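Student: Enclosed is the structure file structure-v8.pdb (PDB, C-alpha atoms).
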MODEL        1
ATOM      1  CA  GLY A   1     -66.391 -31.409-110.481  1.00  0.00           C
ATOM      2  CA  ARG A   2     -66.206 -34.893-108.943  1.00  0.00           C
ATOM      3  CA  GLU A   3     -69.237 -36.748-107.637  1.00  0.00           C
ATOM      4  CA  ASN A   4     -70.088 -39.561-105.200  1.00  0.00           C
ATOM      5  CA  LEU A   5     -71.852 -42.130-107.356  1.00  0.00           C
ATOM      6  CA  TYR A   6     -70.993 -45.500-105.785  1.00  0.00           C
ATOM      7  CA  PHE A   7     -72.741 -46.896-102.684  1.00  0.00           C
ATOM      8  CA  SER A   8     -77.738 -57.617 -91.271  1.00  0.00           C
ATOM      9  CA  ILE A   9     -79.270 -59.198 -88.177  1.00  0.00           C
ATOM     10  CA  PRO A  10     -80.968 -56.647 -85.881  1.00  0.00           C
ATOM     11  CA  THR A  11     -80.120 -55.932 -82.253  1.00  0.00           C
ATOM     12  CA  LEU A  12     -83.362 -54.832 -80.588  1.00  0.00           C
ATOM     13  CA  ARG A  13     -83.553 -52.939 -77.335  1.00  0.00           C
ATOM     14  CA  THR A  14     -86.455 -53.161 -74.957  1.00  0.00           C
ATOM     15  CA  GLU A  15     -87.046 -51.619 -71.522  1.00  0.00           C
ATOM     16  CA  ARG A  16     -84.973 -54.273 -69.758  1.00  0.00           C
ATOM     17  CA  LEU A  17     -83.486 -56.438 -72.522  1.00  0.00           C
ATOM     18  CA  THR A  18     -81.136 -56.554 -75.478  1.00  0.00           C
ATOM     19  CA  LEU A  19     -82.221 -58.987 -78.226  1.00  0.00           C
ATOM     20  CA  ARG A  20     -79.156 -59.740 -80.308  1.00  0.00           C
ATOM     21  CA  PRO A  21     -77.661 -62.123 -82.864  1.00  0.00           C
ATOM     22  CA  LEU A  22     -76.618 -65.654 -81.987  1.00  0.00           C
ATOM     23  CA  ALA A  23     -72.925 -66.347 -81.435  1.00  0.00           C
ATOM     24  CA  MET A  24     -70.971 -69.539 -80.820  1.00  0.00           C
ATOM     25  CA  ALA A  25     -70.323 -68.421 -77.225  1.00  0.00           C
ATOM     26  CA  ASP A  26     -74.050 -68.889 -76.681  1.00  0.00           C
ATOM     27  CA  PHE A  27     -74.100 -72.580 -77.609  1.00  0.00           C
ATOM     28  CA  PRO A  28     -72.977 -74.124 -74.322  1.00  0.00           C
ATOM     29  CA  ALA A  29     -75.783 -72.598 -72.174  1.00  0.00           C
ATOM     30  CA  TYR A  30     -78.259 -73.306 -74.985  1.00  0.00           C
ATOM     31  CA  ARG A  31     -77.217 -76.970 -75.109  1.00  0.00           C
ATOM     32  CA  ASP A  32     -77.395 -77.222 -71.292  1.00  0.00           C
ATOM     33  CA  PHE A  33     -81.004 -76.032 -71.530  1.00  0.00           C
ATOM     34  CA  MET A  34     -81.938 -78.219 -74.510  1.00  0.00           C
ATOM     35  CA  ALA A  35     -80.489 -81.389 -72.956  1.00  0.00           C
ATOM     36  CA  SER A  36     -82.365 -80.816 -69.681  1.00  0.00           C
ATOM     37  CA  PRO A  37     -85.890 -81.521 -68.368  1.00  0.00           C
ATOM     38  CA  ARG A  38     -86.458 -77.720 -68.476  1.00  0.00           C
ATOM     39  CA  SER A  39     -86.828 -77.990 -72.242  1.00  0.00           C
ATOM     40  CA  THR A  40     -89.869 -80.306 -72.138  1.00  0.00           C
ATOM     41  CA  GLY A  41     -92.071 -77.230 -72.759  1.00  0.00           C
ATOM     42  CA  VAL A  42     -90.281 -76.513 -76.064  1.00  0.00           C
ATOM     43  CA  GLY A  43     -90.477 -80.188 -77.120  1.00  0.00           C
ATOM     44  CA  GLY A  44     -87.294 -81.377 -75.368  1.00  0.00           C
ATOM     45  CA  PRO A  45     -85.093 -82.813 -74.200  1.00  0.00           C
ATOM     46  CA  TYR A  46     -83.050 -83.038 -77.372  1.00  0.00           C
ATOM     47  CA  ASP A  47     -79.941 -84.908 -78.339  1.00  0.00           C
ATOM     48  CA  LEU A  48     -76.824 -83.027 -79.466  1.00  0.00           C
ATOM     49  CA  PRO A  49     -77.324 -83.232 -83.262  1.00  0.00           C
ATOM     50  CA  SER A  50     -80.922 -81.988 -82.918  1.00  0.00           C
ATOM     51  CA  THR A  51     -79.818 -79.175 -80.580  1.00  0.00           C
ATOM     52  CA  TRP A  52     -77.169 -78.088 -83.064  1.00  0.00           C
ATOM     53  CA  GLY A  53     -79.644 -78.238 -85.952  1.00  0.00           C
ATOM     54  CA  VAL A  54     -82.160 -75.989 -84.135  1.00  0.00           C
ATOM     55  CA  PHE A  55     -79.405 -73.515 -83.144  1.00  0.00           C
ATOM     56  CA  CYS A  56     -78.282 -73.349 -86.774  1.00  0.00           C
ATOM     57  CA  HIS A  57     -81.926 -72.958 -87.965  1.00  0.00           C
ATOM     58  CA  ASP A  58     -82.280 -70.147 -85.407  1.00  0.00           C
ATOM     59  CA  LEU A  59     -79.390 -68.194 -86.970  1.00  0.00           C
ATOM     60  CA  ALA A  60     -79.942 -69.218 -90.621  1.00  0.00           C
ATOM     61  CA  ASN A  61     -83.577 -68.091 -90.730  1.00  0.00           C
ATOM     62  CA  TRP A  62     -82.320 -64.453 -90.929  1.00  0.00           C
ATOM     63  CA  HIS A  63     -80.501 -65.121 -94.208  1.00  0.00           C
ATOM     64  CA  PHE A  64     -83.349 -67.188 -95.637  1.00  0.00           C
ATOM     65  CA  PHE A  65     -86.437 -65.250 -94.503  1.00  0.00           C
ATOM     66  CA  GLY A  66     -85.408 -61.912 -92.968  1.00  0.00           C
ATOM     67  CA  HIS A  67     -86.453 -63.057 -89.486  1.00  0.00           C
ATOM     68  CA  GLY A  68     -85.042 -65.581 -86.998  1.00  0.00           C
ATOM     69  CA  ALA A  69     -83.882 -65.984 -83.402  1.00  0.00           C
ATOM     70  CA  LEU A  70     -82.240 -63.456 -81.130  1.00  0.00           C
ATOM     71  CA  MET A  71     -80.591 -64.197 -77.800  1.00  0.00           C
ATOM     72  CA  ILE A  72     -82.048 -62.364 -74.805  1.00  0.00           C
ATOM     73  CA  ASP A  73     -79.531 -60.437 -72.697  1.00  0.00           C
ATOM     74  CA  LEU A  74     -80.303 -58.446 -69.551  1.00  0.00           C
ATOM     75  CA  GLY A  75     -79.826 -54.710 -70.179  1.00  0.00           C
ATOM     76  CA  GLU A  76     -76.287 -53.675 -71.166  1.00  0.00           C
ATOM     77  CA  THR A  77     -74.802 -56.399 -68.915  1.00  0.00           C
ATOM     78  CA  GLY A  78     -74.342 -59.142 -71.522  1.00  0.00           C
ATOM     79  CA  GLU A  79     -75.915 -61.739 -69.219  1.00  0.00           C
ATOM     80  CA  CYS A  80     -77.745 -64.153 -71.532  1.00  0.00           C
ATOM     81  CA  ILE A  81     -81.036 -65.425 -70.150  1.00  0.00           C
ATOM     82  CA  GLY A  82     -82.788 -67.106 -73.087  1.00  0.00           C
ATOM     83  CA  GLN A  83     -83.968 -66.728 -76.663  1.00  0.00           C
ATOM     84  CA  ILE A  84     -86.806 -65.310 -78.748  1.00  0.00           C
ATOM     85  CA  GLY A  85     -87.444 -66.080 -82.432  1.00  0.00           C
ATOM     86  CA  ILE A  86     -89.601 -66.248 -85.485  1.00  0.00           C
ATOM     87  CA  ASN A  87     -89.326 -69.531 -87.371  1.00  0.00           C
ATOM     88  CA  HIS A  88     -90.223 -70.620 -90.875  1.00  0.00           C
ATOM     89  CA  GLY A  89     -89.132 -73.123 -93.512  1.00  0.00           C
ATOM     90  CA  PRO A  90     -90.255 -76.735 -94.138  1.00  0.00           C
ATOM     91  CA  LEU A  91     -90.821 -77.615 -90.471  1.00  0.00           C
ATOM     92  CA  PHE A  92     -93.213 -74.719 -89.739  1.00  0.00           C
ATOM     93  CA  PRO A  93     -96.578 -74.533 -91.553  1.00  0.00           C
ATOM     94  CA  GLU A  94     -96.807 -70.804 -90.726  1.00  0.00           C
ATOM     95  CA  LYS A  95     -94.307 -68.184 -89.450  1.00  0.00           C
ATOM     96  CA  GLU A  96     -94.012 -68.966 -85.749  1.00  0.00           C
ATOM     97  CA  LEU A  97     -93.002 -66.972 -82.660  1.00  0.00           C
ATOM     98  CA  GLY A  98     -91.246 -68.952 -79.917  1.00  0.00           C
ATOM     99  CA  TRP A  99     -89.365 -68.209 -76.709  1.00  0.00           C
ATOM    100  CA  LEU A 100     -87.428 -69.854 -73.924  1.00  0.00           C
ATOM    101  CA  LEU A 101     -85.781 -68.722 -70.675  1.00  0.00           C
ATOM    102  CA  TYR A 102     -82.894 -70.345 -68.877  1.00  0.00           C
ATOM    103  CA  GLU A 103     -83.262 -71.503 -65.307  1.00  0.00           C
ATOM    104  CA  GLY A 104     -83.673 -68.770 -62.691  1.00  0.00           C
ATOM    105  CA  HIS A 105     -85.191 -66.088 -64.883  1.00  0.00           C
ATOM    106  CA  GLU A 106     -88.939 -66.890 -64.932  1.00  0.00           C
ATOM    107  CA  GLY A 107     -91.672 -64.783 -63.299  1.00  0.00           C
ATOM    108  CA  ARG A 108     -90.251 -61.363 -64.176  1.00  0.00           C
ATOM    109  CA  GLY A 109     -92.170 -60.864 -67.454  1.00  0.00           C
ATOM    110  CA  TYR A 110     -89.038 -61.334 -69.608  1.00  0.00           C
ATOM    111  CA  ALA A 111     -90.547 -63.779 -72.096  1.00  0.00           C
ATOM    112  CA  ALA A 112     -93.561 -61.522 -72.763  1.00  0.00           C
ATOM    113  CA  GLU A 113     -91.312 -58.446 -73.059  1.00  0.00           C
ATOM    114  CA  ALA A 114     -89.047 -60.145 -75.605  1.00  0.00           C
ATOM    115  CA  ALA A 115     -92.044 -61.613 -77.484  1.00  0.00           C
ATOM    116  CA  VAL A 116     -93.827 -58.240 -77.755  1.00  0.00           C
ATOM    117  CA  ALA A 117     -90.666 -56.623 -79.145  1.00  0.00           C
ATOM    118  CA  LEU A 118     -90.014 -59.225 -81.825  1.00  0.00           C
ATOM    119  CA  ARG A 119     -93.728 -59.634 -82.659  1.00  0.00           C
ATOM    120  CA  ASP A 120     -94.087 -55.872 -83.162  1.00  0.00           C
ATOM    121  CA  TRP A 121     -90.859 -55.663 -85.162  1.00  0.00           C
ATOM    122  CA  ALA A 122     -92.164 -58.416 -87.476  1.00  0.00           C
ATOM    123  CA  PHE A 123     -95.575 -56.796 -87.978  1.00  0.00           C
ATOM    124  CA  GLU A 124     -94.084 -53.331 -88.449  1.00  0.00           C
ATOM    125  CA  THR A 125     -90.867 -53.955 -90.337  1.00  0.00           C
ATOM    126  CA  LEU A 126     -91.733 -57.155 -92.234  1.00  0.00           C
ATOM    127  CA  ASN A 127     -95.435 -56.337 -92.616  1.00  0.00           C
ATOM    128  CA  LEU A 128     -96.338 -59.959 -91.796  1.00  0.00           C
ATOM    129  CA  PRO A 129    -100.067 -60.678 -92.368  1.00  0.00           C
ATOM    130  CA  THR A 130    -100.166 -63.094 -89.384  1.00  0.00           C
ATOM    131  CA  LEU A 131     -97.996 -64.886 -86.825  1.00  0.00           C
ATOM    132  CA  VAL A 132     -98.569 -68.048 -84.710  1.00  0.00           C
ATOM    133  CA  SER A 133     -97.116 -69.969 -81.775  1.00  0.00           C
ATOM    134  CA  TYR A 134     -97.215 -73.797 -81.526  1.00  0.00           C
ATOM    135  CA  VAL A 135     -97.787 -74.748 -77.876  1.00  0.00           C
ATOM    136  CA  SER A 136     -98.280 -78.219 -76.336  1.00  0.00           C
ATOM    137  CA  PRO A 137    -101.690 -78.483 -74.509  1.00  0.00           C
ATOM    138  CA  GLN A 138     -99.943 -79.194 -71.181  1.00  0.00           C
ATOM    139  CA  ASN A 139     -97.628 -76.170 -71.400  1.00  0.00           C
ATOM    140  CA  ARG A 140     -99.339 -73.702 -69.051  1.00  0.00           C
ATOM    141  CA  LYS A 141     -96.499 -71.171 -68.899  1.00  0.00           C
ATOM    142  CA  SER A 142     -96.306 -70.710 -72.688  1.00  0.00           C
ATOM    143  CA  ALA A 143    -100.087 -70.575 -73.086  1.00  0.00           C
ATOM    144  CA  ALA A 144    -100.200 -67.764 -70.483  1.00  0.00           C
ATOM    145  CA  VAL A 145     -97.489 -65.731 -72.268  1.00  0.00           C
ATOM    146  CA  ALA A 146     -99.176 -66.255 -75.633  1.00  0.00           C
ATOM    147  CA  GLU A 147    -102.554 -65.079 -74.348  1.00  0.00           C
ATOM    148  CA  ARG A 148    -101.063 -62.094 -72.502  1.00  0.00           C
ATOM    149  CA  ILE A 149     -99.396 -60.770 -75.689  1.00  0.00           C
ATOM    150  CA  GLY A 150    -102.792 -61.053 -77.409  1.00  0.00           C
ATOM    151  CA  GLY A 151    -102.760 -64.557 -78.889  1.00  0.00           C
ATOM    152  CA  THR A 152    -106.018 -66.464 -79.450  1.00  0.00           C
ATOM    153  CA  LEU A 153    -106.401 -70.198 -80.100  1.00  0.00           C
ATOM    154  CA  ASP A 154    -107.044 -71.093 -83.720  1.00  0.00           C
ATOM    155  CA  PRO A 155    -108.395 -74.677 -84.056  1.00  0.00           C
ATOM    156  CA  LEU A 156    -108.275 -74.499 -87.879  1.00  0.00           C
ATOM    157  CA  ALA A 157    -104.579 -73.597 -88.139  1.00  0.00           C
ATOM    158  CA  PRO A 158    -102.271 -76.187 -89.679  1.00  0.00           C
ATOM    159  CA  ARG A 159     -99.731 -77.801 -87.366  1.00  0.00           C
ATOM    160  CA  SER A 160     -97.144 -80.571 -87.519  1.00  0.00           C
ATOM    161  CA  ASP A 161     -98.232 -82.203 -84.243  1.00  0.00           C
ATOM    162  CA  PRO A 162    -102.016 -82.889 -84.184  1.00  0.00           C
ATOM    163  CA  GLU A 163    -102.027 -82.527 -80.379  1.00  0.00           C
ATOM    164  CA  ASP A 164    -100.488 -79.028 -80.377  1.00  0.00           C
ATOM    165  CA  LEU A 165    -102.443 -75.868 -79.787  1.00  0.00           C
ATOM    166  CA  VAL A 166    -101.959 -72.886 -82.100  1.00  0.00           C
ATOM    167  CA  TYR A 167    -102.093 -69.337 -80.830  1.00  0.00           C
ATOM    168  CA  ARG A 168    -102.507 -66.652 -83.472  1.00  0.00           C
ATOM    169  CA  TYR A 169    -101.479 -62.976 -83.201  1.00  0.00           C
ATOM    170  CA  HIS A 170    -102.634 -59.965 -85.259  1.00  0.00           C
ATOM    171  CA  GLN A 171    -101.820 -56.313 -86.140  1.00  0.00           C
TER     172      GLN A 171
ENDMDL
END
Step by step, read the file and then write its structure as C-alpha coordinates.
Tutor:
Amino acid sequence: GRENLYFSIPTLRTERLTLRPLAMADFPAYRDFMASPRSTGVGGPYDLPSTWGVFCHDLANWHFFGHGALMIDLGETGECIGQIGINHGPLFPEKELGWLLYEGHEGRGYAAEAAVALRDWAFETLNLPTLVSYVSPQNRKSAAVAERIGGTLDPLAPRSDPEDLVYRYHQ
(Lines of atoms letter the chains of each structure in order from A and count residues from 1; the text may use other names and numbers.)
(Lines give C-alpha, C1' and ligand atoms only; values in the text may rest on other atoms or scores of the structure.)
Protein backbone atom coordinates (compact mmCIF):
# COMPACT_ATOMS: atom_id res chain seq x y z
CA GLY A 1 0.00 0.00 0.00
CA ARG A 2 3.09 2.23 0.14
CA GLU A 3 4.52 3.98 -2.89
CA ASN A 4 7.82 5.49 -4.07
CA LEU A 5 6.96 9.11 -4.80
CA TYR A 6 10.15 11.06 -4.04
CA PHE A 7 13.12 11.28 -6.44
CA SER A 8 27.14 16.51 -13.24
CA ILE A 9 30.24 16.84 -15.42
CA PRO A 10 30.55 14.04 -18.01
CA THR A 11 33.40 11.57 -18.36
CA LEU A 12 33.61 10.68 -22.05
CA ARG A 13 35.36 7.63 -23.42
CA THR A 14 36.90 7.46 -26.84
CA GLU A 15 38.89 4.73 -28.60
CA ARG A 16 42.12 5.68 -26.83
CA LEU A 17 41.18 8.42 -24.35
CA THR A 18 39.22 9.27 -21.24
CA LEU A 19 37.92 12.88 -21.16
CA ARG A 20 37.15 13.70 -17.55
CA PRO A 21 36.50 16.53 -15.10
CA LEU A 22 39.22 18.89 -13.94
CA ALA A 23 40.76 18.31 -10.52
CA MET A 24 43.27 20.27 -8.46
CA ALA A 25 45.86 17.52 -9.04
CA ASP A 26 45.82 18.60 -12.68
CA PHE A 27 46.89 22.19 -12.00
CA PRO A 28 50.65 21.74 -11.72
CA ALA A 29 51.14 20.16 -15.20
CA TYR A 30 48.64 22.66 -16.63
CA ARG A 31 50.59 25.59 -15.17
CA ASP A 32 53.89 24.11 -16.43
CA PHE A 33 52.38 24.10 -19.92
CA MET A 34 50.80 27.56 -19.67
CA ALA A 35 53.99 29.20 -18.37
CA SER A 36 56.08 27.69 -21.18
CA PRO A 37 56.85 28.58 -24.82
CA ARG A 38 54.73 25.52 -25.79
CA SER A 39 51.63 27.55 -25.00
CA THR A 40 52.29 30.25 -27.63
CA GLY A 41 49.78 28.45 -29.91
CA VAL A 42 46.99 28.89 -27.33
CA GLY A 43 47.92 32.56 -26.76
CA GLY A 44 50.62 31.99 -24.11
CA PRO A 45 52.75 32.14 -22.20
CA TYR A 46 50.60 33.26 -19.30
CA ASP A 47 51.34 34.52 -15.84
CA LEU A 48 50.06 32.65 -12.78
CA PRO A 49 46.87 34.67 -12.12
CA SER A 50 45.83 34.35 -15.78
CA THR A 51 46.59 30.61 -15.76
CA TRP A 52 44.48 30.15 -12.65
CA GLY A 53 41.64 32.20 -14.13
CA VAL A 54 41.53 30.08 -17.32
CA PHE A 55 41.66 26.83 -15.30
CA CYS A 56 38.75 28.06 -13.18
CA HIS A 57 36.83 29.17 -16.34
CA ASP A 58 37.50 25.70 -17.76
CA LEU A 59 35.76 24.01 -14.80
CA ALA A 60 33.10 26.69 -14.13
CA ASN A 61 31.73 26.68 -17.68
CA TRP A 62 29.97 23.35 -16.86
CA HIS A 63 27.91 24.95 -14.10
CA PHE A 64 27.19 28.08 -16.13
CA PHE A 65 26.56 26.68 -19.62
CA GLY A 66 26.37 22.87 -19.50
CA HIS A 67 29.67 22.53 -21.38
CA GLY A 68 33.31 23.20 -20.46
CA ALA A 69 36.77 21.62 -20.37
CA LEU A 70 37.73 18.02 -19.79
CA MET A 71 41.22 16.73 -19.12
CA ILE A 72 42.53 14.16 -21.60
CA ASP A 73 43.83 10.93 -20.06
CA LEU A 74 45.32 7.99 -21.96
CA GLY A 75 43.00 4.96 -21.77
CA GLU A 76 42.34 3.64 -18.25
CA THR A 77 45.90 4.58 -17.18
CA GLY A 78 45.18 7.99 -15.64
CA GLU A 79 48.12 9.56 -17.50
CA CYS A 80 47.03 13.13 -18.26
CA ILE A 81 48.19 14.41 -21.64
CA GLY A 82 46.22 17.62 -22.23
CA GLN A 83 42.79 19.22 -22.35
CA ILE A 84 39.77 19.66 -24.60
CA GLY A 85 36.93 22.16 -24.02
CA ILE A 86 34.03 24.22 -25.15
CA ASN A 87 34.15 27.82 -23.94
CA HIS A 88 31.58 30.57 -23.63
CA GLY A 89 30.84 33.63 -21.52
CA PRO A 90 31.91 37.29 -21.96
CA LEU A 91 35.33 36.51 -23.47
CA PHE A 92 34.01 34.30 -26.31
CA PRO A 93 31.73 35.81 -28.99
CA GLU A 94 30.50 32.30 -29.90
CA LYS A 95 30.74 28.86 -28.22
CA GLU A 96 34.31 27.77 -28.93
CA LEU A 97 36.10 24.41 -29.12
CA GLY A 98 39.75 24.42 -28.02
CA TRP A 99 42.44 21.85 -27.27
CA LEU A 100 45.99 21.51 -26.05
CA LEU A 101 48.48 18.66 -25.58
CA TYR A 102 51.38 18.51 -23.18
CA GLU A 103 54.89 17.97 -24.44
CA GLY A 104 55.63 14.54 -25.93
CA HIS A 105 52.14 13.62 -27.04
CA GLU A 106 51.76 15.27 -30.49
CA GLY A 107 51.54 13.41 -33.81
CA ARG A 108 49.35 10.53 -32.62
CA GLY A 109 45.97 12.07 -33.54
CA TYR A 110 45.01 12.67 -29.88
CA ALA A 111 43.85 16.27 -30.28
CA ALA A 112 41.56 15.39 -33.22
CA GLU A 113 40.20 12.33 -31.37
CA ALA A 114 39.37 14.38 -28.27
CA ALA A 115 37.94 17.23 -30.38
CA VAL A 116 35.66 14.92 -32.40
CA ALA A 117 34.29 13.38 -29.19
CA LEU A 118 33.48 16.66 -27.47
CA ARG A 119 32.26 18.32 -30.69
CA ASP A 120 29.87 15.42 -31.34
CA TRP A 121 28.71 15.34 -27.72
CA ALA A 122 27.90 19.07 -27.94
CA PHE A 123 25.99 18.77 -31.22
CA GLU A 124 24.14 15.64 -30.09
CA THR A 125 23.50 16.23 -26.41
CA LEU A 126 23.35 20.05 -26.29
CA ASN A 127 21.89 20.45 -29.78
CA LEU A 128 24.22 23.40 -30.44
CA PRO A 129 23.37 25.20 -33.73
CA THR A 130 27.08 25.94 -34.40
CA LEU A 131 30.56 25.76 -32.88
CA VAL A 132 33.82 27.65 -33.67
CA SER A 133 37.55 27.60 -32.92
CA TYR A 134 39.67 30.78 -32.63
CA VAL A 135 43.10 30.08 -34.13
CA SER A 136 46.05 32.47 -34.63
CA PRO A 137 47.05 32.72 -38.36
CA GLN A 138 50.55 31.38 -37.60
CA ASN A 139 49.30 28.31 -35.71
CA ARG A 140 49.69 25.56 -38.32
CA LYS A 141 49.10 22.62 -35.97
CA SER A 142 45.72 23.90 -34.73
CA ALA A 143 44.57 24.91 -38.22
CA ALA A 144 45.32 21.35 -39.43
CA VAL A 145 43.33 19.74 -36.58
CA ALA A 146 40.43 22.14 -37.13
CA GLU A 147 40.26 21.40 -40.85
CA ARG A 148 40.60 17.63 -40.34
CA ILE A 149 37.58 17.53 -37.98
CA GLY A 150 35.61 19.40 -40.66
CA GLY A 151 36.13 23.06 -39.77
CA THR A 152 35.98 25.76 -42.47
CA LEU A 153 37.24 29.35 -42.19
CA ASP A 154 34.53 31.92 -41.63
CA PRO A 155 35.78 35.47 -42.38
CA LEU A 156 32.50 37.03 -41.16
CA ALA A 157 32.56 35.45 -37.69
CA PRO A 158 33.02 37.79 -34.73
CA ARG A 159 36.28 37.49 -32.81
CA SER A 160 38.06 39.28 -29.98
CA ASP A 161 41.42 39.46 -31.78
CA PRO A 162 41.07 40.96 -35.30
CA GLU A 163 44.09 38.93 -36.47
CA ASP A 164 42.63 35.55 -35.44
CA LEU A 165 41.15 33.07 -37.84
CA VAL A 166 37.79 31.45 -37.06
CA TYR A 167 37.04 27.87 -37.99
CA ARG A 168 33.39 26.88 -37.93
CA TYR A 169 31.96 23.35 -37.48
CA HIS A 170 28.49 22.00 -38.33
CA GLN A 171 26.06 19.08 -37.74
Student: Evaluate the PyMOL selection byres ((chain A and resi 17-32) around 7) and record the selected residues as a PyMOL selection string, following the chain and residue labels used in the document.
Tutor: chain A and resi 9-16+33-36+51+59+70-75
Student: Mind checking which residues fall within 9 Å of residue A:58, counting only C-alpha atoms, ignoring those fewer than 2 positions away in the same chain, and posting them as a PDB file with C-alpha atoms, keeping the file's coordinate frame?
Tutor:
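See result.pdb below for the written result:
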ATOM      1  CA  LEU A  22     -76.618 -65.654 -81.987  1.00  0.00           C
ATOM      2  CA  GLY A  53     -79.644 -78.238 -85.952  1.00  0.00           C
ATOM      3  CA  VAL A  54     -82.160 -75.989 -84.135  1.00  0.00           C
ATOM      4  CA  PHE A  55     -79.405 -73.515 -83.144  1.00  0.00           C
ATOM      5  CA  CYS A  56     -78.282 -73.349 -86.774  1.00  0.00           C
ATOM      6  CA  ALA A  60     -79.942 -69.218 -90.621  1.00  0.00           C
ATOM      7  CA  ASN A  61     -83.577 -68.091 -90.730  1.00  0.00           C
ATOM      8  CA  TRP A  62     -82.320 -64.453 -90.929  1.00  0.00           C
ATOM      9  CA  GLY A  68     -85.042 -65.581 -86.998  1.00  0.00           C
ATOM     10  CA  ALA A  69     -83.882 -65.984 -83.402  1.00  0.00           C
ATOM     11  CA  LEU A  70     -82.240 -63.456 -81.130  1.00  0.00           C
ATOM     12  CA  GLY A  85     -87.444 -66.080 -82.432  1.00  0.00           C
ATOM     13  CA  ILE A  86     -89.601 -66.248 -85.485  1.00  0.00           C
ATOM     14  CA  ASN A  87     -89.326 -69.531 -87.371  1.00  0.00           C
TER      15      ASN A  87
END
Student: Give me, as a PDB file with C-alpha atoms, in the coordinates of the input, all polymer residues having an atom no more than 7 Å from stretch 159-171 of chain A, counting all atoms listed in the file and skipping those fewer than 2 positions away in the same chain.
Tutor:
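For reference, out.pdb as written:
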ATOM      1  CA  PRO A  93     -96.578 -74.533 -91.553  1.00  0.00           C
ATOM      2  CA  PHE A 123     -95.575 -56.796 -87.978  1.00  0.00           C
ATOM      3  CA  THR A 130    -100.166 -63.094 -89.384  1.00  0.00           C
ATOM      4  CA  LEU A 131     -97.996 -64.886 -86.825  1.00  0.00           C
ATOM      5  CA  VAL A 132     -98.569 -68.048 -84.710  1.00  0.00           C
ATOM      6  CA  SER A 133     -97.116 -69.969 -81.775  1.00  0.00           C
ATOM      7  CA  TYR A 134     -97.215 -73.797 -81.526  1.00  0.00           C
ATOM      8  CA  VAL A 135     -97.787 -74.748 -77.876  1.00  0.00           C
ATOM      9  CA  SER A 136     -98.280 -78.219 -76.336  1.00  0.00           C
ATOM     10  CA  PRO A 137    -101.690 -78.483 -74.509  1.00  0.00           C
ATOM     11  CA  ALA A 146     -99.176 -66.255 -75.633  1.00  0.00           C
ATOM     12  CA  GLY A 150    -102.792 -61.053 -77.409  1.00  0.00           C
ATOM     13  CA  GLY A 151    -102.760 -64.557 -78.889  1.00  0.00           C
ATOM     14  CA  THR A 152    -106.018 -66.464 -79.450  1.00  0.00           C
ATOM     15  CA  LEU A 153    -106.401 -70.198 -80.100  1.00  0.00           C
ATOM     16  CA  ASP A 154    -107.044 -71.093 -83.720  1.00  0.00           C
ATOM     17  CA  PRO A 155    -108.395 -74.677 -84.056  1.00  0.00           C
ATOM     18  CA  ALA A 157    -104.579 -73.597 -88.139  1.00  0.00           C
TER      19      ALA A 157
END
Student: Separation of atom CA of residue A:119 and atom CA of residue A:48, in Å?
Tutor: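 Separation of atom CA of residue A:119 and atom CA of residue A:48: 29.0 Å.
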Student: Around stretch 60-77 of chain A, fit a box with edges along x, y and z, padding it by 8 Å on each side, then list its centre and edge lengths in Å to one decimal as AutoDock Vina command-line options.
Tutor:
--center_x -80.6 --center_y -61.4 --center_z -82.3 --size_x 27.7 --size_y 31.5 --size_z 42.7
Student: For stretch 56-72 of chain A, which lacks atoms in the input, supply N, CA and C atoms and format the output as an mmCIF file, in the frame of the given file.
Tutor:
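Output below, filename selection08.cif:
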data_model
loop_
_atom_site.group_PDB
_atom_site.id
_atom_site.type_symbol
_atom_site.label_atom_id
_atom_site.label_comp_id
_atom_site.auth_asym_id
_atom_site.auth_seq_id
_atom_site.Cartn_x
_atom_site.Cartn_y
_atom_site.Cartn_z
ATOM 1 N N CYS A 56 -78.630 -73.812 -85.433
ATOM 2 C CA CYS A 56 -78.282 -73.349 -86.774
ATOM 3 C C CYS A 56 -79.495 -72.798 -87.549
ATOM 4 N N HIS A 57 -80.649 -73.450 -87.400
ATOM 5 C CA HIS A 57 -81.926 -72.958 -87.965
ATOM 6 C C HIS A 57 -82.218 -71.561 -87.392
ATOM 7 N N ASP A 58 -82.005 -71.416 -86.083
ATOM 8 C CA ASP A 58 -82.280 -70.147 -85.407
ATOM 9 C C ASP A 58 -81.502 -68.956 -86.019
ATOM 10 N N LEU A 59 -80.230 -69.200 -86.356
ATOM 11 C CA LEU A 59 -79.390 -68.194 -86.970
ATOM 12 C C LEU A 59 -79.714 -68.067 -88.457
ATOM 13 N N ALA A 60 -79.784 -69.202 -89.156
ATOM 14 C CA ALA A 60 -79.942 -69.218 -90.621
ATOM 15 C C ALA A 60 -81.252 -68.626 -91.134
ATOM 16 N N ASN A 61 -82.298 -68.660 -90.302
ATOM 17 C CA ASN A 61 -83.577 -68.091 -90.730
ATOM 18 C C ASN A 61 -83.434 -66.628 -91.175
ATOM 19 N N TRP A 62 -82.526 -65.873 -90.550
ATOM 20 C CA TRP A 62 -82.320 -64.453 -90.929
ATOM 21 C C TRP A 62 -81.941 -64.325 -92.406
ATOM 22 N N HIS A 63 -80.954 -65.109 -92.819
ATOM 23 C CA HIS A 63 -80.501 -65.121 -94.208
ATOM 24 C C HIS A 63 -81.600 -65.560 -95.161
ATOM 25 N N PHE A 64 -82.364 -66.572 -94.757
ATOM 26 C CA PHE A 64 -83.349 -67.188 -95.637
ATOM 27 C C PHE A 64 -84.661 -66.423 -95.727
ATOM 28 N N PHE A 65 -85.083 -65.823 -94.607
ATOM 29 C CA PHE A 65 -86.437 -65.250 -94.503
ATOM 30 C C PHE A 65 -86.506 -63.817 -94.036
ATOM 31 N N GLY A 66 -85.415 -63.286 -93.499
ATOM 32 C CA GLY A 66 -85.408 -61.912 -92.968
ATOM 33 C C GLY A 66 -85.956 -61.792 -91.549
ATOM 34 N N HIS A 67 -86.103 -62.944 -90.907
ATOM 35 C CA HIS A 67 -86.453 -63.057 -89.486
ATOM 36 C C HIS A 67 -85.807 -64.331 -88.947
ATOM 37 N N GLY A 68 -85.735 -64.452 -87.615
ATOM 38 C CA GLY A 68 -85.042 -65.581 -86.998
ATOM 39 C C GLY A 68 -84.958 -65.382 -85.502
ATOM 40 N N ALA A 69 -84.009 -66.061 -84.861
ATOM 41 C CA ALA A 69 -83.882 -65.984 -83.402
ATOM 42 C C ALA A 69 -82.926 -64.887 -82.988
ATOM 43 N N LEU A 70 -83.168 -64.368 -81.787
ATOM 44 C CA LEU A 70 -82.240 -63.456 -81.130
ATOM 45 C C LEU A 70 -82.058 -63.961 -79.702
ATOM 46 N N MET A 71 -80.832 -63.854 -79.192
ATOM 47 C CA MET A 71 -80.591 -64.197 -77.800
ATOM 48 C C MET A 71 -81.045 -63.038 -76.935
ATOM 49 N N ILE A 72 -81.564 -63.370 -75.756
ATOM 50 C CA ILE A 72 -82.048 -62.364 -74.805
ATOM 51 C C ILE A 72 -80.981 -62.104 -73.763
#
